[PDB]
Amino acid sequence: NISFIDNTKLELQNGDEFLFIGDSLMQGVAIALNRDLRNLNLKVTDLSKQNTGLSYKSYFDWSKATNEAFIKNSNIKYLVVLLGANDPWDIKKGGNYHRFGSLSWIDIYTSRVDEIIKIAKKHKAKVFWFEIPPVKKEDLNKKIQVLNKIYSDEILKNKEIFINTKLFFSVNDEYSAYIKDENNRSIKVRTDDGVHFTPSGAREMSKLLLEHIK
């Protein structure tokens, strides 16, 4: 249900910059997170890109894109990651076929997650990795939880930071388009496709990252 609750708070160092990577979920969170980090005099490079994921690595390789971004800017010391909504499907590699959630599939996906973390560590950067919050479609939601377990396990092993989102975007342990705001009033945080964020939802995601910074 919940692997662990991450209470880590990072102290930010002068001149250090942020890099965002991920899919259209990160694009939506990025709008809010950029504004919040801008307000703290922090520079942001936002590479988030629609229709990407670790499972689509042959179409767009986030490990290559991330490595190149660090190469172009030695001042990036914080990597923020939110992806996976496009990823929970069988993977074919040549004649080899890997059914989603099978042991070999998990090996491949875990390796792709680890590659991202190792690239940040090689460039002396720390990693904030968002848990994908629940989604409305039951079948997709079940698969997303497999992804989130992998992210959390890899982040734990590499001693980076995992941003818990499941509780904050759930009501009575299930998906909800609405949550309570800071004053206990109901606010719409998910768009009607049951996946993406409203502006208020994006700000709530951004707040969860900011709660891992001091």
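Note that residue numbering begins at 1 and tracks the sequence as displayed.
Report the stretch with the higher mean CA temperature factor, choosing between 173 to 181 and 159 to 167 on the basis of the entry. Taking the mean C-alpha B-factor of 173 to 181 and of 159 to 167, the larger value falls to 173 to 181.
Taking the recorded C-alpha temperature factors, which stretch has the higher mean, 121 to 129 or 81 to 89? Looking at the record's C-alpha B-factors, the answer is 121 to 129.
Name the residue from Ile144, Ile106, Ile71, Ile116 with the greatest C-alpha temperature factor listed in the entry. The listed residue with the largest C-alpha B-factor is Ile71.
Lowest, middle or highest third of the chain for the C-alpha temperature factor of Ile2? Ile2: CA B-factor falls in the highest third of its chain.
Can you work out whether the C-alpha temperature factor of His98 puts it in the lowest, middle or highest third of the chain? Bottom third by C-alpha B-factor.
Taking only the Cα B-factors deposited for this chain, tell me whether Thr110 sits in the lowest, middle or highest third. Answer is lowest: the recorded C-alpha B-factor places it there.
Considering only modelled residues of the same chain, in which third does the CA B-factor of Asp36 rank: lowest, middle or highest? As the PDB entry reports it, the C-alpha B-factor of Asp36 lands in the highest third of its chain.
Taking only the Cα B-factors deposited for this chain, tell me whether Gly22 sits in the lowest, middle or highest third. For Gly22, the deposited C-alpha B-factor lands in the lowest third.
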